[PDB]
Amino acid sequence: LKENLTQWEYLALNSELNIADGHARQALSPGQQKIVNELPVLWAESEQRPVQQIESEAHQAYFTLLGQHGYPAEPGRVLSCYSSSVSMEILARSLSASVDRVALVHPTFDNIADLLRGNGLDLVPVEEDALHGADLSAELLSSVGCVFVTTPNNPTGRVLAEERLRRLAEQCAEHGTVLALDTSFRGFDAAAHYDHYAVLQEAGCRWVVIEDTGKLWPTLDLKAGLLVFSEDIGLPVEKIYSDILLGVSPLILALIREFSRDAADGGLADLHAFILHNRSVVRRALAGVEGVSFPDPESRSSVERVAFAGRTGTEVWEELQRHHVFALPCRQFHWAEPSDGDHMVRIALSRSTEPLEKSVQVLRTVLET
């Protein structure tokens, strides 16, 4: 009855022990609270300055924070959207104008697949081992109009390394294929902070990148998706963007600018240490629980998969919920073969440590019948 992962996440939104959706819900740091305290000043700034200047500063702050120095800074090359999923809707409807089939990393966050399928795109799954480990086949590339990679991936944290991004972009250029990247989790893993735009521009393929500010910081879902495209993208992303929105709030762009600057001043290192700490409490709690393992030992992302022998993630979820703890079954990240995720759940790490600790102690008991 839960048609997708988001519908599993609705069930948790109002619970104290929500460890389901991946949004950031931990406490603000002192530096971030200082930003919140200045919201009336930022409001006045947003009333008084041209939105284009605030937007340009927000983009410069966010891209540079995360190593993306070669981003196209000319006005109009970065389209600020209400969310990364709104960017994805724009991209999907734009692709449907000239593309029939898309190669998509599998597993990945399921709304990517659902927005593409919903706009009439046929999907070809590419497992992570194939994507990272070998060139894509000429047969595949000649059969799709777009290759779509989430990096760092959600839910696995796997990062597309620079040498493979380079080869994939060269392959897409050689075939005339669009290379599309979803980089929502970029800020969590320094392995993703090499300059992706330099790689894409050097290879000269058609490309689109959807950045997302929303997952990094606890901003009450005040965020933007940033839809960045090559000059030769040859899809109607600008026209469809303008059918959906004029732009995002200057106050949100001002907030992104300020949170990005705080992150550059030491906040990002603190965030990495916080996520590492919370990952450690999860793994320590589910330590010698017979049948438990962690499929992504090297992940640095803000979500964590846990596997179990002998039960399904749906059953674990239901016993958890009877204790008012809400996690996420993994089936639906495996959008081409949901049974691949039948023995995993996903835990959200962007949470205050104390309710996270409480939730995984409950999971430890459940997982011990």
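The numbering used is simple: start at 1 and walk along the sequence shown.
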Taking the mean of the C-alpha B-factors per stretch from the entry, tell me the winner out of 72-80 and 121-129.
72-80
In the PDB record, does 142-150 or 101-109 carry the higher mean Cα temperature factor?
142-150
Return the residue from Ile54, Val325, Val303, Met344 that has the highest Cα B-factor in the entry.
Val325
Would you check the entry's CA temperature factor for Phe274 and let me know if it's in the chain's lowest, middle or highest third?
highest
Based on the deposited C-alpha B factors for this chain, I'd like to know if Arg206 is in the lowest, middle or highest third.
lowest
Among modelled residues of the same chain, the CA temperature factor third for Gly157
lowest
By the recorded C-alpha temperature factor, relative to the other modelled residues in its chain, which third is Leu136 in?
middle
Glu238, C-alpha B-factor rank within chain (lowest, middle or highest third):
middle
